[PDB]
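Residue numbers (the entry's author numbering): 1 to 111.
Don't be surprised by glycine CBs; every beta carbon is placed ideally from N, CA and C.
This report refers to the structure that appears directly beneath it.
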Amino acid sequence: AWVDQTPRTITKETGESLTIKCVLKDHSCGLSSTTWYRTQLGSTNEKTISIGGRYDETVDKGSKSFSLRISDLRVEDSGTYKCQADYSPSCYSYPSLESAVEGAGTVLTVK
């Protein structure tokens, strides 16, 4: 299993929107949950993104893909974005019991 994250590099203007797409690849079952992270340009700390406000997530099990949309881009949205997909190696047949894979990241530059 691995996650394909697109786009890997992008520049946007303020007030524009970004959609990042992650698709879980080479796995026999669906993903069990997703998480999005941000490290703002200039900083070293990875923050977990809460979905709500200007952040919108759409999970499409079927294509096994999950997408993050950020509205009304601000200059301070600049940074690296990462997606994580949780999954069971055994498709949960073995009790509990998980692993995760993450996308390559998206380097966003606003304005």
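Going by DSSP, which residues form a beta bridge with residue i?
{"i": "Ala-104", "result": "According to DSSP, which records beta bridges pairwise, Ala-104 is partnered with nothing at all."}
{"i": "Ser-67", "result": "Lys-21, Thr-58"}
{"i": "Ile-10", "result": "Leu-108"}
{"i": "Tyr-37", "result": "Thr-48, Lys-82"}
{"i": "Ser-99", "result": "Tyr-87"}
Is residue i helix, strand or coil when you go by DSSP?
{"i": "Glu-76", "result": "helix"}
{"i": "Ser-32", "result": "coil"}
{"i": "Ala-85", "result": "strand"}
{"i": "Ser-90", "result": "coil"}
{"i": "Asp-26", "result": "coil"}
Buried or exposed: where does residue i fall if 16 or more other Cβ atoms within 10 Å of its Cβ makes it buried?
{"i": "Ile-70", "result": "buried"}
{"i": "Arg-8", "result": "exposed"}
{"i": "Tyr-94", "result": "exposed"}
{"i": "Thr-106", "result": "buried"}
{"i": "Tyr-87", "result": "buried"}
Which one of the options has the shortest CA to CA distance from residue i?
{"i": "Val-110", "options": "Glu-57, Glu-76, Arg-38, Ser-63", "result": "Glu-76"}
{"i": "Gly-79", "options": "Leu-41, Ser-28, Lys-12", "result": "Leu-41"}
{"i": "residue 181", "options": "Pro-89, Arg-38, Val-101, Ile-10", "result": "Here the chain covers residues 1 to 111 and nothing more, so residue 181 does not appear."}
Quick check: the region 19-27 against the region 72-88, are at least 3 beta-carbon pairs closer than 8 Å? yes
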